[PDB]
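Chains as they are written, first to last, in PDB author numbering: chain UU, 52 to 225; chain AA, 6 to 124, 132 to 213, 230 to 269, 288 to 337, 341 to 358, 368 to 430; chain 44, 43 to 302; chain 55, 43 to 206, 237 to 304. The structure under discussion appears below in the form of structure tokens.
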């Protein structure tokens, strides 16, 4: 059949092809996601689960309240959905809505980093000890790998010496 | 008008995956490696997680369940999907801890990102209403353009001779008509100045004579002209006659979304000793000793220059695990290319011994045993 | 998402008659617990703890230095309800088995009464006073009192955040200061290195919290007020709390072995 | 015997315009401060700390498990008063000499507002947020935001020290500070007035927000000692 057209087909084409080819699904948010995540590349390092629980996640999302919604985490998507709302409902421009929704995102992320620091410092003031932080564990792993590289370097270095000595011939033992 | 099935997909979680952003910019006229690629400057794919109950089954919310061999066993479940379904009918994935934990390490240093400073240290935050702004209006003159960070035009000094030709011909040349109108709007305002001033004590300005003649008056003063062309194309200022444009504007947000802290002016209160002087040190690796006219050190996954001063002089194969020295991270900033450059400064002696007290490595404890 | 659950015997609508007015129990549980869950939900909104229980979060985020803030809310939402649940609508007569066993570990009910009450005021800070059940592999079921700080877990699996002694007024230069200081360092060094200080049986069966006492400010700052001049205050709050302890449930949760 | 000192500008009856009400200040200072002082008098009855002031008791009875009850009531009684001693009746302007130094350490005033309020809300425990003045290598006049917990005092003399005066001037790795501004986060001050804070409205957040518009910046500048470029 004639597949669903997710974009206005080229009207200037007189002999169009691929009339039975499914078309790409593009939304207005795709252009906003690319702008945000490019301005915040390390926002991709923050893990995000794309595994749905029951599919009923868009039922409690009211983007007129703020960035914090029920069921979904505060990520670059909440900024996009908040931007799209202001840009459409409040009649704001792409940049205006972007600034407003972007600054609300920072004030919420700053508090997250401040909690980790104070929560730990507060626990030790009452006799609370923790395990190995990520900084220490990361360094210990490099040692085990660096040592393995040292074994590979010394083995190859010694190996190359034989090649340098085997180039010339001294079997006569003059 | 969209069917109910098409409305759920739009709000689904897999449809929220961001497109793969281009890799960190590198030197166009250089050589690279093809059959081998190491970790990138900043991440390009989204790092995913899953429930521990779903990880035992390989279910990550993808086309198919992933294998349990290279996906289970680790503490932090992270993965990057380069292709949900390749020509081999397999989800081309790879471990994402290379960048997932590097963010957790940097955020464990508790240091913000400040605007670069030219060489009186003035560490100004990045997220501020004056500087961190992308929306603008045609009323803001050059004096406000120094605050902005996201420009629409390219950096001329950075573009290559070929990339510059394409810009002049396909982006600049087909704008003369629209630019002439831009001058008319300005000339229309100048005529209103005298009228307004004289009234206290606008003209349509559509006339090719004034526009053409107005440009002939600025040929002697080419400086004021550049300020007008840049405003029409939104170019990053280059000549001082300022906003740290020597290396060019950033290709991303000045923070790159790695740390959202604004200030480092705090004092972590130690339980016993009390408020400390500086921040706790961080152990750093030693890479590429001097004997290259500079030494590299690995601070929390990042590579930065060593302190301006052994371990840095010569390589020592005998040292197990490699040379490791304690150091304090002074300043951190994001350059134009997007790299995270750290101003690693040498650490004190008492701080290191104090940081080890809570670890059990200090030879002689500072509490109790220390007589002086 | 974690949601609030009704109380034991309609304490939200009516509240205990002689212990906490309905308005106080309203601000103590329905409002504060809701505030903690609102914060907790946002923290585990997209993590593995989105469907885990409070206790499961308490044990899972006990030692993680990056999830200490998540432990506070999870440990606070748990201890808070653990306290209100044990409260009874009316006074309950202490069980014979429980009464007889308490005398073997504290000498008399009045001795344990003044200990927990005294420990609460002597702490001069928010926390929880617990009546723990200590049972070693071979030792009998011995009871004791443990006082936790702002958000401390009496469970053995969460020993990383027990928070028994304040490191501000307990570590100095005096003989007791040095002794306490060594322990504070011995734990941190061992915990960091992974070494186990005190052996513990598998399954966390060594300690089983039976009773609790919430000494936080929001619980009593409204009902009994500050307590200027001895009238009311934190002291009266603890005393009045001794009259609404569900000794029947406390005895059941104890699970004392038959030794009579 | 220590007596209750009257508030700065008779806030007992009038109270602050929008920060607190007379009923709240009654429970915050009038009643609570009396509770601590009344219990502190019974602990220094005819002792070395009988006539000593609040600050002296803190430094003297510093880090002593046998004097815990003394340091507790002493420090709290002192810090509590220091908090009310910097609340102006109306919003006062910030001096230019102080406004300049705030931008040299924090970059802007908004950054300072978020740090002080952000540090308070993100505590989970009763404490006091301080804005202290110190001296660091490269920054003679350096301002820092420090967060004191349940009973910790910002002064350096209330921390452990080494021998050989035998006691050192500062603690290991520590420094000498000058407490300028304070912020009480105990439930005695904000719970009644602003409630718990469910749904964002009111609570501890709104409390710290109103506290920023009633700071006696005039006094904050005096205790800063911006003229003393070198401190010891």
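By construction, the Cβ of each residue, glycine as well, lies at the ideal position given by its N, Cα and C atoms.
Quiz item: Quick one: does residue 185 (chain UU) have its CB under 8 Å from some CB of chain 44?
Solution: yes
Do we get a CB-CB distance below 8 Å when we pair residue 122 (chain UU) with the residues of chain 44?
yes
**OP:** Would you list the residues sitting across from residue 316 (chain AA) in a DSSP beta bridge?
**Re:** 320 (chain AA)
* Is there at least one Cβ from chain AA nearer than 8 Å to residue 220 (chain UU)'s Cβ? -> Interface annotation, residue 220 (chain UU): not in contact with chain AA, CB-CB separation never under 8 Å.
Can you pull the chain AA neighbours of residue 234 (chain 44), defined as C-beta to C-beta under 9 Å?
Within chain AA, the residues near residue 234 (chain 44) are 416, 417 and 418.
| message | Suppose the cutoff is 6 Å on Cβ atoms and the five residues either side in sequence are ignored; what does the same chain contact list for residue 397 (chain AA) look like? | response | Excluding positions up to five away in sequence, the list reads 46.
Legend entry - Separation of residue 158 (chain 44) from residue 254 (chain 44), as counted between CA atoms: 10 Å
query: By DSSP, does residue 217 (chain 44) sit in helix, in strand, or in coil?
result: helix
Review point. Are the stretch 133-148 of chain 55 and the stretch 284-299 of chain 55 touching by the rule of at least three beta carbon pairs closer than 8 Å?
Key: yes
Open item on the list: To be precise: take each residue of the stretch 103-135 of chain 44, compare its Cβ to all Cβ atoms of chain AA, and keep it if any distance is under 8 Å. Which residues remain?
Closed with: 108
Closer than 8 Å is the cut-off here; do at least three beta carbon pairs connect the stretch 94-103 of chain UU with the stretch 10-21 of chain AA?
The stretch 94-103 of chain UU vs the stretch 10-21 of chain AA: in contact.
Practice prompt. Taking C-beta pairs closer than 9 Å, name the residues in chain AA that residue 206 (chain 55) reaches, listed in chain order.
Written response: 429 and 430, listed in chain order.
- prompt: Since residue 141 (chain UU) meets chain 55, which of its residues come closer than 9 Å, beta carbon to beta carbon?
  reply: Within chain 55, no residue comes near residue 141 (chain UU); the closest Cβ sits about 21 Å away, beyond 9 Å.
*Just checking my contact of residue 257 (chain 44) with residue 162 (chain 44) at CB under 8 Å: how many whole Å lie between their CB atoms?*
5 Å
* Run the CB neighbour count on residue 66 (chain 55), radius 10 Å, all protein chains shown included, and call it buried at 16 or more, exposed below. => buried
Check your understanding: Buried or exposed: which applies to residue 90 (chain AA), given that a residue is buried once 16 or more other Cβ atoms fall within 10 Å of its Cβ?
Key -> exposed
Would a check of beta-carbon distances place residue 224 (chain 44) closer than 8 Å to chain AA? Chain AA, which has a Cβ nearer than 8 Å to the Cβ of residue 224 (chain 44), makes this yes.
**Message:** Just to confirm before moving on: does the CB-CB distance between residue 387 (chain AA) and residue 402 (chain AA) stay below 8 Å?
**Reply:** yes
Residues of the stretch 159-182 of chain UU with Cβ closer than 7 Å to any Cβ of chain 44, in chain order: 166, 167, 170, 171, 174, 175, 176, 177, 178, 179, 180, 181 and 182
Check: Can you give, in chain order, each stretch of the alpha helix (DSSP H) that sits fully within the stretch 104-177 of chain 44 and has at least 4 residues?
Finding: 110-128, 138-148 and 151-165
Residues of chain UU with CB closer than 9 Å to the CB of residue 229 (chain 44), please, in chain order. Within chain UU, the C-beta atoms nearer than 9 Å to that of residue 229 (chain 44) come from 178 and 180, in chain order.
Q: Specify the secondary structure class of residue 196 (chain 44) as computed by DSSP and reduced to three states.
A: coil
Any Cβ of chain AA within less than 8 Å of the Cβ of residue 83 (chain 55)?
no
Query - residue 233 (chain 44) in three-state terms, based on DSSP - result: Helix, per DSSP.
Report task. Determine the chain 44 residues that contact residue 240 (chain 55) at a beta-carbon separation under 9 Å, and present them in chain order. Result -> Going along chain 44, no residue has its Cβ under 9 Å from residue 240 (chain 55), so there is no contact; the nearest lies around 12 Å.
Requested in this report: Can you give me the Cβ contacts of residue 108 (chain 44) inside the same chain, cut-off strictly under 6 Å, excluding the 5 residues immediately before and after it?
Outcome: Closer than 6 Å at the Cβ level, and outside the excluded window around residue 108 (chain 44), lies no residue.
Worksheet item: Which residues of chain AA have a Cβ atom closer than 8 Å to the Cβ of residue 347 (chain 44), listed in chain order?
Response: It is not possible to answer for residue 347 (chain 44), since the shown part of chain 44 is limited to 43 through 302.
If we ignore side chains and look at the alpha-carbon of each, how far apart do residue 123 (chain 44) and residue 280 (chain 44) end up? Cα to Cα, residue 123 (chain 44) sits roughly 17 Å from residue 280 (chain 44).
When the Cα of residue 251 (chain 55) is compared with those of 187 (chain 55), 245 (chain 55) and 116 (chain 55), which residue comes out closest?
Of 187 (chain 55), 245 (chain 55) and 116 (chain 55), the smallest CA-CA separation from residue 251 (chain 55) is found for 187 (chain 55).
| message | Please state the DSSP three-state secondary structure of residue 330 (chain AA). | response | strand
Handout entry: Nonlocal neighbours in the same chain, by C-beta distance under 7 Å from residue 196 (chain AA), ignoring five residues either side
Key = Only 233, 234 and 239 meet the Cβ criterion.
**Message:** Using CA atoms only, rank isn't needed, just tell me which of 93 (chain UU), 162 (chain UU) and 146 (chain UU) is closest to residue 277 (chain 55).
**Reply:** 162 (chain UU)
Query raised in the report: Got a sec? Which residues, its chain only, sit under 8 Å from residue 298 (chain 44) by beta carbon, not counting five neighbours each side?
Result: So the qualifying residues of the chain are 139, 140, 143 and 183.
So which of 196 (chain 55), 198 (chain 55), 260 (chain 55) and 275 (chain 55) has the shortest CA-CA distance to residue 68 (chain 55)? 260 (chain 55)
Is the shortest distance between the beta-carbon of residue 327 (chain AA) and the beta-carbons of chain 44 less than 8 Å?
No, residue 327 (chain AA) lies away from the interface with chain 44 (no Cβ there is under 8 Å from its Cβ).
- Residue nearest to residue 218 (chain 44) in terms of C-alpha spacing, selected from 105 (chain 55), 240 (chain 55), 204 (chain 55) and 128 (chain 55): 105 (chain 55)
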